[PDB]
Amino acid sequence: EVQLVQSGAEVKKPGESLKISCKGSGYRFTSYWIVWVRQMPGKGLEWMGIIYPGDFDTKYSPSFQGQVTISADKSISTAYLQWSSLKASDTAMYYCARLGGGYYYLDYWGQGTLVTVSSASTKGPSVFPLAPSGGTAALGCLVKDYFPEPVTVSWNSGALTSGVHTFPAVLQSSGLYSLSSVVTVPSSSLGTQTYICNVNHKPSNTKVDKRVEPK
Amino acid sequence: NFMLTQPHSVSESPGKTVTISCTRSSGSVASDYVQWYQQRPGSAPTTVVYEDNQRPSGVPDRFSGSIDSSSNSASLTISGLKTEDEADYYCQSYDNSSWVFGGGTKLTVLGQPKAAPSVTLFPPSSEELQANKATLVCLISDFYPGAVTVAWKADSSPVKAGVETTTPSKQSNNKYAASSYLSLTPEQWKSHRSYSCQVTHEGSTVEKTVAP
C-alpha cells in the first residue's frame, strides 16, 4: 500500500523557523515527483512547488519562490517544506501529493499538516456556567479566552452525550478563542441529575469541571 | 502567468446534470492537459479527472472531463447528481512546468429542507460578573441555508462594539450553526433594562431578550 504521511499540527509564533515533513512508504521514493499545496482557512488550493527526490530537481511557483524551501532526504524517503521566518499569513493547511500512475496524476495525498502562526501566547480558559420551553431545559458552559485550539468539552465525564451541542470557537481580536457547549435536557431531570461540563485544555495543562445549576 | 477562472458556485437537483467550466486567460487550453480535483470539507483533495478526460480508478463514471477549444475552456460534468458530490471542485493545468489552479467551485446539491434558526440567549453568569466581566451568549442552530445576520441591542439601541460572531458551520444533521458574543462591563449590564440578540435569516428575524 502506497502512503504519504505528513507530520503533526504545528502552532508557532511569527519569526520562528519551521520544517514540516512528508514521509513516503510502500514505493520507490526517489522515482516520483512530490507536489506541495497550500490552503489557507476557507480559501482555494495554491501550488507551492514540486520536487523529484531522485536528483533534487525542484521547481517553485513564482509567488512562493524565495519564500520557502522544498527539499528531500533520500535515505529516509521524506520530503520537506521549510520556513526560516514564519509570518502570521503562513497560517494554512499544507498538503503533499505524489505524482504517479501512462500519464501521471496526483494519486496519493498526505493527510495534511495544519500550521497556525500567531503572536498569542498559551492561555488556559475561564469556564463559566450557563444556567437554565416545554418539558425541555437548556444549560451549558462558556469556555472563555483560551489559546491555542483545541479545547475538548464533555459532559458528566462522557456519560452524557445525547442533546449535547458544542459550538465551534470564535477567534477574538485579542487572538484568544472562546466557545460554548450547551446541552438540552428534560426539565424534570433538573435537580435530580447533576450536570458538570468537563473542559480540557491540553496546551496549558488545565482541566476544569464546572458544575451547572439553576440560578 | 495565465489564470484559470471558474464560477464560485453551481447548484442542481439530485439526479440531474451539472457542468463546471474552467477558462484560461492566455494561450490555448489544448496546449496543456487539465486536471480536476474534488475536496470535501475537512478532507484532502482527490483527483477526479486527469489528462483532460481520463478517469482515475475508483472515480464514478458520472464524472467526466472535456475541452472546448472554441471558448478556450475545460469542463467537469457530473451526471446523476448525488448528495455526496457536494464539495469544492478545482481545475488545474500547466504554464511552462509550473502548476496553475482554478479558484474552485462549490457544488450545492439542492433538495435540502429550508429551516429557520433556533436561538438561545444566555445572560452573564453570576460568577463572571464577580470577575468584573460580562458576556452575553447567542447560540444559533438548525438553520438552512447557512447564512445569518446577527444584531445586538441595548434596550432598543443598536450595539456595534464588543461583538464577535462565528461563520456558519455545518452540523451533523446537515444544517448550520453559529454563535455571537457581546462583551460588556458589569456596569453596562446593570445599566440597561435589557439586551437583545436579533438573528435574521432569509428576511425573517428571531429575537431573544435577557434582563439583569
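Residues numbered from 1 in each chain as written, not as in the entry; some residues may be left out. Chains lettered and ligands numbered in written order. Heavy atoms only, no water.

**Looking at the overall build of chain A**
Each helix and strand in chain A was counted, giving 0 helices and 19 strands. The globule rule puts the C-alpha radius of gyration for 215 residues at 17 Å, and the 23 Å found for chain A is more than 25% above it. The C-alpha extent of chain A, read off along each of the three principal axes, is 70 × 40 × 30 Å. The buried share of chain A, taken over its 215 residues, is 49%. Element-wise, carbon and sulfur atoms account for 49% of the exposed surface of chain A, whose accessible area totals about 10000 Å². Taking the average place of the 18 positive charges on the side chains of chain A and the average place of its 13 negative ones, the gap between the two points comes to 4 Å. (Helix = DSSP H or I, 4+ residues; strand = E, 2+ residues; numbered from the N terminus. Rg over C-alpha atoms; globule rule 2.2 N^0.38 Å. Buried < 20%, exposed > 50% of the residue type's maximum accessible area, 1.4 Å probe, protein only. Areas by Shrake-Rupley, 256 points an atom, 1.4 Å probe, with all protein chains shown as cover. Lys, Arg positive; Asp, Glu negative; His and termini not counted. Charge placed at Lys NZ, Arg CZ, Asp CG, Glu CD.)

**Quick look at the interface of chain A and chain B**
Facing 41 residues of chain A, the contacting portion of chain B comprises 41 residues. Carbon and sulfur atoms supply 68% of the area that chain A and chain B bury against each other, a total of about 3200 Å² over both sides. Scanning the region where chain A abuts chain B turns up 1 salt bridge. Across the pair A:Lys210 and B:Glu127 runs a salt bridge whose closest N-O atoms are separated by 2.7 Å. Across the chain A-chain B interface, the total number found is 9 residue pairs in polar contact. Listing elements by their share of the side of chain A that touches chain B, those giving two or more residues are β4 (34-39), β5 (46-52), β9 (92-100), β10 (105-109), β12 (126-130), β13 (136-146), β16 (170-171) and β17 (177-186) of chain A. (Contact = heavy atoms within 4.5 Å. Buried area = accessible area lost by both parts, 1.4 Å probe. Salt bridge = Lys/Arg side-chain N within 4 Å of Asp/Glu carboxyl O. Polar contact = N/O pair within 3.5 Å; in protein donor to acceptor, adjacent residues only side chain to side chain.)

**Some words on the pairing of β4(A)**
Residues and elements named next belong to chain A. Summarising burial for β4: 6 of the 6 residues are buried, a large majority. What you see with β4 is no split at all: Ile34, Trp36 and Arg38 on one side and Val35, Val37 and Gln39 on the other are buried throughout. Direction of pairing for β4 relative to β5: antiparallel, over a ladder of 5 bridges. Along β5, the bridge assignment pairs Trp36 with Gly49. (Pairing = 2+ DSSP bridges.)

**So, the sheet that holds strand β18 (residues 196-201) of chain A**
All names here are of chain A. The antiparallel open sheet is built from 3 strands, whose spatial order is β14-β18-β19. Looking along the sheet, the strands with just one partner apiece sit at the ends: β14 (152-155) and β19 (206-211). The average angle at which neighbouring strand axes cross in this sheet is 15 degrees, direction not considered. In the sheet, β18 pairs with β19 via 6 bridges, with the strands oriented antiparallel. Following the sheet pairing, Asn198 is matched in β19 by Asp209. (Axes fitted to C-alpha atoms, helices over the stretch in contact; angles between N-to-C directions.)

**Regarding the sheet that holds strand β8 (residues 78-83) of chain A**
Residue and element names in this part refer to chain A. Taking strand neighbours across the sheet as the criterion, the 4 strands line up as β1-β3-β8-β7 in an open arrangement whose pairing is antiparallel. The open sheet has two edge strands, β1 (3-6) and β7 (69-73), and neither has a second partner. Neighbour to neighbour, the strand axes of the sheet diverge by 20 degrees on average, direction disregarded. Bridge count between strand β3 (residues 18-25) and β8: 6 bridges; the pairing is antiparallel. When the bridges of β8 are listed, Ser21 appears paired with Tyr80.

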